[PDB]
Amino acid sequence: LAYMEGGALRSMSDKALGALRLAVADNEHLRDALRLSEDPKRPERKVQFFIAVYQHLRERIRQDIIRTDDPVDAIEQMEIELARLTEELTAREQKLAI
Amino acid sequence: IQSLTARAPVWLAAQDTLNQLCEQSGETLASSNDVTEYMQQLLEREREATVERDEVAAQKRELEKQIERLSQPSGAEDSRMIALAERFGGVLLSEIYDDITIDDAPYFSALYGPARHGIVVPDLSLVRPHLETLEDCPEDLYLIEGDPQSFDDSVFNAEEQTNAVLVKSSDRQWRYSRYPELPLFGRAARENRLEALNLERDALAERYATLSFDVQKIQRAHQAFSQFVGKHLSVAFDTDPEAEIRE
Amino acid sequence: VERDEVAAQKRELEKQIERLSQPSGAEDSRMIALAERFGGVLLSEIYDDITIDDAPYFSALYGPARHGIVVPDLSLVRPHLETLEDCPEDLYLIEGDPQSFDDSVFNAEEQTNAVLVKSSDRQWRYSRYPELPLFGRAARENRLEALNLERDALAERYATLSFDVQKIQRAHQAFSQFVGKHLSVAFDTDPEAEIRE
Amino acid sequence: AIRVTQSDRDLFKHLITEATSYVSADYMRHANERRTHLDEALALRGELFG
């Protein structure tokens, strides 16, 4: 992004915020943090919002089947699980009984 | 400077994707040829992991088939035998011996030999008309005559020996059966053995799960590298523009 | 992936053919040793040459007893019986002349594609006609050749797939070299016009 | 299982993307603003001193 003008950066930021408002509608902690983040004169608030998001995700990982703490890395493991489960779903068809 | 500036963002995006990709792997890439050789090593790991996966699958299939033979109703060649048991006024022999103890089970299994899973039918002439119709049955069907409710020991020319039994089946014919372990009859503890088999098959299921997961991981890694080269080589491994612009 | 698949199937066929150890189709040597230990001969060895047309009928007739020793005495076995431990778990023995083996005692009655045998008092045995009978083997070379035909078909398919993969890899190397040495100028316009200008 | 994992993956993949973009774009905009401020300071300093 270093080789872009500020107008494009603001456009992306605004559209991302538009998506976030809907994504985070139900939660309250994240909603409060996002609310606090939008004053341009206090930048660290945005990174604090980011930290809140990451922690919130880490609680929801369900490590019974997954081990990565970083969610971004956890995406690949969910993808692998989908592929493997779809493969197991194939067929057996040895059906014969009383 | 204008040329370098136009070129820079593409090179930077390419570098970020490359760093993510190689860091995701254990080995660090440095050139196009290097990436290709890494492709080849990835293929070799695919085709090894798949072989172990398939072999474990074969073992698991054998285990389920073995377990299934011991299931129902009195574990036998159940596919046709149950219908064949009711289509004549008879009872399955293995079912008559459902209750026998573990100590007499090997003896009886040796005694009855292949005929363990025959049917008891007290006349054997009433089947003679039905018989021509039997086109759907095990390749060797055994029939015995006696009272199904209080069946007497079939007249065998039997003779007990050390850990074995001798029998005269016919004039000029004898059979000699050695005591097996974990027999057919006594289908009370044969549930004990299928319990042992369930415990055995659990491990195969677990191991197969891990191997399949590994194969999928390798396949997706190859997909990632292919996607990369499809979208990336135009500027891969080129010299850093930040430096030259600074100069 | 496909050439590896075909290689695996060809291994399976080769394993199946190898399982035809001796002479063509494996026969248990332990039974030969047992036939040596008692005066007699292995039954399949007696009927190994019967016609393929009647072979399924005979195999249906004998059932499990197909693998057994023809001992005309039955006096040598009984003393040695308690000495037998390595033998197959269900050993079968028949009495008759090994050189000219008279029909075994079966009250056999022939049904449509099946046989019925009154084995003993209060016992009948019923069997259907199989294929690949133990008798009338004649080495069953035709099955060995059918398996060889299948194996050679798999080998040919494997050869074609290996050749195809080699072609593809060569094309890949060509492209790698090209983007290594001409990509910087690929698809650009002719400089002579600009030079003229 | 496929249903549950599908839902989890969709949620993660969308929320993480929006959070990351929203935060990082502003971070870079601040970096660029600082660079502009430094350039302005140096230019006006230079011509003032000369």
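Residue numbers (full-length UniProt numbering), protein chains in the order written: chain R, 1138 to 1235; chain E, 594 to 840; chain W, 644 to 840; chain C, 248 to 297. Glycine included, C-beta positions come from ideal geometry on N, C-alpha and C.
- For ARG765 (chain W), the nearest beta carbon of chain E is closer than 7 Å to its own beta carbon.
- The beta-carbon separation of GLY683 (chain W) and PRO741 (chain W), rounded to 6 Å, stays under the 8 Å limit for a contact.
- Of all residues in the region 1157-1172 of chain R, only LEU1157, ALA1160 and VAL1161 come within less than 8 Å of chain C when Cβ atoms are compared, listed by chain position.
- For a cut-off of 8 Å, the C-beta gap from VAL628 (chain E) to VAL822 (chain E) is around 7 Å, short enough to register as a contact.
- One Cα belongs to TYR269 (chain C), the other to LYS653 (chain E), and the distance between them is close to 50 Å.
- Taking 9 Å as the upper bound on Cβ-Cβ separation, chain E lies near residues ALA703, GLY706, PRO707 and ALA708 of the region 681-708 of chain W.
- Membership of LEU734 (chain E) in the beta strand (DSSP E) is indicated by the continuous run 733-737.
- Contact annotation: the region 700-720 of chain E touches the region 734-750 of chain E, with at least three C-beta pairs closer than 8 Å.
- Using a CB distance cut-off of 7 Å, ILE1198 (chain R) does not count as an interface residue toward chain E.
- Residues of chain E whose Cβ lies closer than 8 Å to the Cβ of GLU1224 (chain R) are, in chain order, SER805 and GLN809.
- At least one CB atom of chain E sits nearer than 7 Å to the CB of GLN754 (chain W).
- In the three-state scheme derived from DSSP, where H, G and I count as helix and E and B as strand, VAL758 (chain W) is classed as strand.
- Judged by pairs of C-beta atoms under 8 Å, the region 776-793 of chain W touches the region 685-694 of chain W, as three or more such pairs exist.
- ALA601 (chain E) reaches chain R at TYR1140, counting residues in chain order whose Cβ is nearer than 8 Å.
- With contacts defined by Cβ atoms closer than 7 Å, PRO731 (chain E) and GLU670 (chain E) form a contacting pair.
- Distance from the Cα of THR832 (chain E) is smallest, within the candidate group E:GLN595, E:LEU605 and E:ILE594, for E:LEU605.
- Comparing C-alpha distances from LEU787 (chain W) to each of W:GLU835, W:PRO834 and W:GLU661 shows the shortest one belongs to W:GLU661.
- Under the three-state reduction of DSSP output, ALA606 (chain E) falls in the helix class.
- Ranking W:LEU663, W:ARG673, W:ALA708 and W:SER770 by CA distance to the CA of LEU727 (chain W) puts W:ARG673 first.
- Chain E places a beta carbon closer than 7 Å to that of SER770 (chain W), counting this residue as a contact.
- With contacts defined by Cβ atoms closer than 7 Å, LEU663 (chain W) and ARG794 (chain W) do not form a contacting pair.
- Only exposed fits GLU679 (chain W), as fewer than 16 other CB atoms lie within 10 angstroms of its CB.
- Looking from the CA of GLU725 (chain E), the closest CA among W:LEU790, W:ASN756 and W:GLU774 belongs to W:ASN756.
- The beta-carbon of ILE1217 (chain R) is placed less than 7 Å from the nearest beta-carbon of chain E.
- For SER770 (chain E), the enclosing beta strand (DSSP E) covers residues 766-771.
- Distance from the CA of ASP807 (chain W) to the CA of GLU648 (chain W), rounded to the nearest whole angstrom, comes to 15 Å.
- Contacts with chain E at 7 Å (Cβ-Cβ) do not include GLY779 (chain W).
- Distance check between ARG721 (chain W) and each of E:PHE744, E:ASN612 and E:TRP767 places E:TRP767 closest, using alpha-carbon atoms only.
- The beta-bridge partner set that DSSP reports for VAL720 (chain E) is empty.
- DSSP places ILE1212 (chain R) in the helix class (H, G or I) of the three-state scheme.
- Listed along chain E, the residues sitting closer than 9 Å to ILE1235 (chain R) by beta-carbon distance are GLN665, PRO666, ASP671, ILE675 and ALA676.
- One finds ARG276 and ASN279 in chain C with Cβ atoms closer than 7 Å to the Cβ of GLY1143 (chain R), taken in chain order.
- In the DSSP assignment, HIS825 (chain E) falls within the alpha helix (DSSP H) that extends over 783-825.
- Here the region 1185-1195 of chain R makes contact with the region 255-274 of chain C; the two share three or more CB pairs at distances below 8 Å.
- Per the coordinates, the alpha-carbon of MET632 (chain E) lies some 58 Å from the alpha-carbon of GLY706 (chain E).
- Within the same chain, no Cβ atom closer than 6 Å to the Cβ of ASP257 (chain C) is found once the five residues on either side in sequence are excluded.
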